[PDB]
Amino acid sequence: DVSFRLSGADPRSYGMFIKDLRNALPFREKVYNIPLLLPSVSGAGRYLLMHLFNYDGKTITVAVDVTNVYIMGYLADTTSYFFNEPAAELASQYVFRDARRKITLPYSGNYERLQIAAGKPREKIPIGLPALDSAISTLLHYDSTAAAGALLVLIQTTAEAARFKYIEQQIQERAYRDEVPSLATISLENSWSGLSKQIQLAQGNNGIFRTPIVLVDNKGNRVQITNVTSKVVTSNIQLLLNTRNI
């Protein structure tokens, strides 16, 4: 398992949590020095448990699929909650079995579906460590509209920070003050599957992307990624989605 406590949290302790989260995801190889997530994991081993504590020390446990860093569902006290999608229904056979009741949320975990349920797109929802405190508090007691927003904060401050060093550093900048995600943050979230695919294809194409990827850089400017010498490949991306799952 991995844990993060908002009480006494600082940029350093958040960084240690994101390092713990990356290190809990299995890999058999690295592609251009980036861990390659597994094509498949059978049984309960597919799911990592993340224990998150708000400023007041109240806790949820979040189940994460270790093949793709997707959040499946979470446990709050004696109630489990799962996304309305087949991967999450399967997860509910293995995690949080001892919950008194299991609620299926009225949405999948897709960003587009969560944004419709929340009533706002990601670009308008402030993120940061205070926002994550609020999200844990929201998820402790069922409210499906509030939960959608809280889940968009939770996904970006955990899974997306695990995937990209830049996003980890953006949340560190928001340790004591929330701010809507940067243009580069949204670009990277949207591009993870595409970048993962092109980096794996670059093995066999001399490090050259078969299809260049258009991103937004840390200054808000267009950058076209053509090959593995790009900063996004050498420094930023931390995990690759296996091409078998694309």
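Numbers for residues come from their place in the sequence shown, where the first is 1. Rigid core: the largest C-alpha set superposing within 1.5 Å between the two forms.
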Determine, for 52-60 and 215-223, which one has C-alphas that on average lie farther from this form in 5 other deposited structures of this protein; superpose on the rigid core first.
215-223
So which stretch wins on mean C-alpha B-factor, 157-165 or 141-149?
141-149
Which is higher on average in the deposited entry, the C-alpha temperature factors of 183-191 or of 39-47?
39-47
Sorting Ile60, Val69, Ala63, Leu201 by Cα temperature factor from the record, which one lands on top?
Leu201
Which third of the chain holds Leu90 when residues are ordered by C-alpha B factor: lowest, middle or highest?
highest
Would you mind checking where the Cα B-factor of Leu52 ranks among the modelled residues of its chain, as the lowest, middle or highest third?
lowest
Hey, what third does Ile246 fall into on Cα B-factor, ranked over its chain?
highest
By the record's CA B-factor, is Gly119 among the lowest, middle or highest third of residues in the chain?
highest
Among the modelled residues of this chain, does the Cα B factor of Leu129 put it in the lowest, middle or highest third?
lowest
